[PDB]
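Since the structure comes first, as structure tokens, the remarks are kept for the end.
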There are 2 protein chains.
Amino acid sequence: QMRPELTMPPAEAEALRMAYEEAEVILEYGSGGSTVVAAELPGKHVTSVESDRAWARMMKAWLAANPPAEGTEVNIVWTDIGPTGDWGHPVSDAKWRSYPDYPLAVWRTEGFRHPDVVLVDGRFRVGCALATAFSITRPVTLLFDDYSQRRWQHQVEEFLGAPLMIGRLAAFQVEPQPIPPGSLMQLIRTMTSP
Amino acid sequence: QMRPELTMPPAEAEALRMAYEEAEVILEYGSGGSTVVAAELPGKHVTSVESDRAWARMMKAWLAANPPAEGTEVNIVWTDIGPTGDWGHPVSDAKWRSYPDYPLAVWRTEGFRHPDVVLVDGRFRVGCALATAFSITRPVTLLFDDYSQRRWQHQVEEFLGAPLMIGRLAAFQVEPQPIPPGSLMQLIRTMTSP
């Protein structure tokens, strides 16, 4: 039947489901099983940023074959960061000048709808988290897949606050805020590290 | 008489001298003739960001042979953007992940002194101009050399305002600017374009 699977364990999946149920507008970085969870709920607006062109094509084919629930719209947005390999990572740094497109372009989309919940489950994860923090105009829930207190990952807490962990899934209550100019170098690093 | 030369025409060079006379703290991007102009004035604090290691070494040697005027300190700061060719331009993009350091690192330097005047006369010119606008906490004069040179440059005015043109040299009165989040993709491209 070729259905995209949710690759998170049960407690984490339930947390995601619950977030998606409370949300009207959902923004994801990285498409798959979670996208299906959203598609199946009525009355949602879903945007899913995806770097793997062939996977995006598959997701679009699946959604054509299995249309979303009533009043739900799902937009899979292939976002070009160059050729990608077996597991969705860029083959090389060929398209480094386009890297910031992945965390940031969606925030300037035509007919932008403010998310209620943002799932960070793709590439440039810390970058996507900081892009959300700096781009929102009202508070959101951010879910960060496979979050740990690894130093790279943890740098988000300055901007995202402390998370509540459900297994390895981090939930943050993210509030709008300015970009600190002293943080620009750090910021750039995050939006160019796949 | 093996002296670094100021390659600005007269009008432009006089504007530079006057700005430097009026400033206490001078920040330059690009080192050379302008730096000698600053060095020869008393009571200045001068920092010059430089991408060409071999040229930085020459400037240091020059300054050791020809010490600055009384009360003046000159710090030539080689900022590694990889191997360079003409005009301190990187010969490849090996060090692309370090490019933002050129416009931005000096603003975080230990021993930081807020500039009164900034000269944009090296690499990443647009990036350096924006870095200043977004990093300053009180107004400065920014002098942007060879400003007519490109049209990619005039995206500067959005944040620096309208310049006073002295020949090819643009003099800006810069006031501190917040970073618009929607500008981040554009901003990143300016701090990674040599």
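No Cβ is skipped: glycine too gets one built from the backbone with ideal geometry, and neighbour counts run over all protein chains shown. No lab work stands behind these numbers, since they all come straight from the coordinates.
Share of antiparallel DSSP beta bridges in chain B, in percent to the nearest 5?
Antiparallel: roughly 30 percent of the beta bridges in chain B.
Compute log10 of I(q)/I(0) for the stretch B:14-125 with the Debye formula, placing one identical point scatterer on every Cα and leaving out solvent, at q = 0.14, 0.17 Å⁻¹, to two decimals.
Log10 I(q)/I(0), no solvent term: -0.54, -0.78.
Using mean Cβ contacts within 10 Å as the protection proxy, how do A:167-173, A:35-41 order, highest first?
Sorting A:167-173, A:35-41 by mean packing, highest first, produces A:35-41, A:167-173.
Put +1 on the Cβ of every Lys and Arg and -1 on every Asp and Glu Cβ in the stretch A:72-194; which of A:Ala129, A:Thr72, A:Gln149 then has its Cα farthest towards the positive end of the dipole?
Most positive-ward Cα: A:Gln149.
Shortest first and in nm to one decimal, what separations exist between A:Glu175 and its copies in the other chains, measuring from label points 7 Å along the Cα-to-beta-carbon line?
Label-point distances to the other copies, shortest first: 2.9 nm.
Collect residues whose amide H, placed 1.01 Å from N in the peptide plane, falls under 5 Å from the amide H of B:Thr72; neighbours closer than 5 in sequence don't count.
Excluding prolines and chain starts, which carry no amide H, the hits are B:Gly43, B:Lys44.
Using the 7 Å Cα-to-Cβ label point, sort the distances from B:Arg113 to its equivalents in the other copies shortest first and give them in nm to one decimal.
5.6
Given a 10 angstrom Cα cut-off, can you work out which residue in B:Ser148, B:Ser34, B:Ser183 is the most mobile in a GNM of chain B?
Fluctuation is largest for B:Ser183.
Packing-wise, with mean Cβ within 10 Å as the measure, how do A:87-96, B:14-23 rank, highest first?
Order by mean packing, descending: B:14-23, A:87-96.
Chain B: percent of C-alpha pairs farther apart than 32 Å?
In whole percent, the share of Cα-Cα pairs in chain B beyond 32 Å is 9.
With each run of n ≥ 4 DSSP H residues scored as -39500 (n - 2.57), what mean residue ellipticity at 222 nm is computed for chain B after dividing by its residue count and rounding to the nearest 500 deg cm²/dmol? Mind showing how you got there, number by number?
Values: 7 runs with 59 residues, N = 194.
For chain B, the value works out to -8500 deg cm²/dmol.
Computed over the Cα atoms of the stretch A:98-194, what is the ratio Rg over Rh, Rh following Kirkwood?
Numbers: Rg = 12.5 Å, Rh = 13.4 Å.
With Rh from the inverse mean 1/r over Cα pairs, Rg/Rh is 0.93.
Can you tell me the relative contact order of chain A? Whole percent, Cα pairs under 8 Å, sequence separation 6 or more.
Relative contact order, chain A: 20 percent.
If all Cα-Cα distances of the protein assembly as shown are sorted into 10 Å bins from 0 onward, what percent lands in each bin, rounded to whole numbers?
Each 10 Å bin holds this share of Cα pairs: 5, 21, 27, 19, 14, 9, 4, 1, 0.
How shielded is A:96-104 by partner chains, expressed as the average number of their Cβ atoms within 10 Å of its Cβ atoms?
Details: counts 5, 6, 2, 3, 7, 2, 0, 2, 7.
Taking all residues of A:96-104 together, the mean is 4.
Return the chain A residue and its Cβ-to-axis distance, rounded to the nearest Å, for the rotation relating A to B.
Nearest Cβ to the rotation axis, residue and whole-Å distance: A:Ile179, 2.
State the Kirkwood hydrodynamic radius of the stretch A:44-104 in Å, one decimal place, computed from all pairs of distinct Cα atoms.
12.6
What are the label-to-label distances in nm, one decimal and shortest first, from B:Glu5 to the same spot in the other copies, with labels 7 Å along Cα to Cβ?
7.2
Taking the Cα centre of chain B as origin, sum charge times position over the Cβ atoms of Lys and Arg (+1) and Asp and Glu (-1), and report the length of that vector in debye to the nearest 20.
Result for chain B is approximately 560 debye, rounded to the nearest 20.
Which cross-chain or sequence-distant (5 or more) residues have an amide H under 5 Å from the amide H of B:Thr84, H modelled 1.01 Å from N in plane?
Result for B:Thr84 returns B:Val91.
Between the stretch B:86-146 and the stretch B:47-75, what is the C-alpha centre distance in whole Å?
Computed from Cα coordinates, the inter-centre distance equals 17 Å.
Name the residue from B:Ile188, B:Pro178, B:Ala162 whose Cα lies farthest towards the positive end of the charge dipole of chain B, charges +1 on Cβ of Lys and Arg and -1 on Cβ of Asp and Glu.
The one lying farthest along the dipole's positive direction is B:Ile188.
Let me check against my output: what whole-number percent is the relative contact order of the stretch B:68-157, with C-alpha pairs under 8 Å and at least 6 apart? Kindly include the intermediate steps, with their values, before the conclusion.
Details: 74 pairs, mean separation 19.9, N = 90.
It comes to 22 percent, rounded to a whole number.
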